[PDB]
Amino acid sequence: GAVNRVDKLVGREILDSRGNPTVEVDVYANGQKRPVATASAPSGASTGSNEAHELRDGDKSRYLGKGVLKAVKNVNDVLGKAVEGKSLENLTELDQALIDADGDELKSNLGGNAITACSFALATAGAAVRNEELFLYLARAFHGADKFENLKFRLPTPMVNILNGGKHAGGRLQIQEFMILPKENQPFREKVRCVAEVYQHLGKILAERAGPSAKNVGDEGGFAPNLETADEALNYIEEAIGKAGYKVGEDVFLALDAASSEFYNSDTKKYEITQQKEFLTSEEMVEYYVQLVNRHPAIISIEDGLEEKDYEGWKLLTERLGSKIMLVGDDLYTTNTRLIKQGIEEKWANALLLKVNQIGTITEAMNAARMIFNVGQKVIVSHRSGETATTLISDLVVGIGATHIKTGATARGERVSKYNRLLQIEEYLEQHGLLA
Ligand SMILES: O=C(O)[C@@H](CO)OP(=O)(O)O
Ligand code: NA
Ligand code: NA
């Protein structure tokens, strides 16, 4: 048609925010000599067996085996050719062409990282050549033209990592992530300011307790002091909330990502909730969370509180706390529609952490979110531990109408750029009268 069609894709090995290679894709379109868009894939700290296969070179002489030249070559030689001449206005067809080209359930022929990077860049290109905001382009793809026409938009509530334990830190605290959430009913610019101020105060509090090194940050910008218990962590966070001038349980709420698979022993069936000290059954773990919420009633969400296949544990956790708090499946689901269907039917949990690159394309990720939306459960659009300059998940969370984003502390460029993109979106929505 020559109007808004793909001329070619060009792949490139770049560095992600952890300094490891990842795939970046340029899209050429409309006969234009310079790319109309560029986006890149994120990367988690680990990739398992129910997720899109992240294709790495394994050449120990480059990037300690983590190069992505093979995946990049698949962009240039296969995936590019599969979308050449196709319209940038139909994201579903573009994503299906990528899926079909690879032809493997786990995307292990061409590489999930190549496919996600192409999906991101092609969606970014489609919005660019239509001279429209990316979240609008994604909203139209998610809802269809008829529901999109008069659609209004909401900004998410951010779940903001500010303190880390587990594998991240040197203490015996095993819960991996402690987050703050600002109250829902206020402008997004005030949500951002609130969590940024709490984050600054926590850093100063920790630097007073332990000196300058205590303000060094982990991969997602959170602090990693040496702590023993979740109560210690939550008490520091509550202190920072107060120093910022906010009220715990009114202005600022708390959330956990236990990453509990990391401290579960499947032979003993015990959770090592305090390193080399305390070992709990599934049932005792649920009771532990119940009492932690009693002591800290501002806790409104717990992610991966039980191990990824401890389905009897999850059923009970959701039985006992599901009416009060979000129970977020991350490892529980790995953005996998087979698991999501089973978890909805069996009532494992009541929310999904959505990682597009775990499933592959944006379209595949939208179907997963739809299943959750369809039963009144919550979608939290998530970063990965290795992020890039692409801010697409900010446009995605608004475009699909999900209530929450989880994209790091208010520090490090690959985290704050997502908050800044949402600040831009909020202004655009206000200016055009699209704010719901
Ligand atoms: O566990 C998670 O929610 C994400 C980041 O917080 O981790 P990773 O990308 O390493 O899977
Ligand atoms: Na540790
Ligand atoms: Na997680």
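Read the numbers this way: they start at 1 and go in the same order the structure lists the ligands and their atoms. Residue numbers start at 1 and run along the sequence shown.
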Closest to atom 4 (C) of ligand 1 among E51, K355, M159 (heavy-atom distance) | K355
Of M179, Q358, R384, the residue with the heavy atom nearest atom 9 (O) of ligand 1 is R384
Should the ring pair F263 and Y271 be called parallel, tilted or perpendicular, given that the plane angle runs from 0 to 90° and is split at 30 and 60?
-> perpendicular
Atoms (protein N, O or S; no water) under 3.0 Å from the Na ion (ligand 2) = 2
Note the single closest protein heavy atom to atom 1 (O) of ligand 1, along with its residue, its atom name and the distance in Å.
-> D330 OD2, 3.3 Å
Protein contact to atom 5 (C) of ligand 1 [nearest heavy atom, distance to 0.1 Å] | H383 NE2, 3.5 Å
For a side chain to side chain contact (heavy atoms under 4.5 Å, CB included) with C118, tell me which candidate from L79, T361, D95, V23 qualifies.
-> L79
Can you measure from CG (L423) to OG (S417) and round to the nearest 0.5 angstrom?
-> 11.5 Å
What is the number of protein N/O/S atoms located under 3.0 Å from the Na ion (ligand 3)?
-> 3
Can you tell which part of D304 has a heavy atom less than 4.0 Å from ligand 1: side chain, backbone, both or neither?
-> neither
Scan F178, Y236, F223, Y419 and name whichever one has a ring pair (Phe, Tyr, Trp, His ring centres under 6.0 Å) with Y199.
-> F223
Ring centroid separation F135 to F153 under 6.0 Å = yes
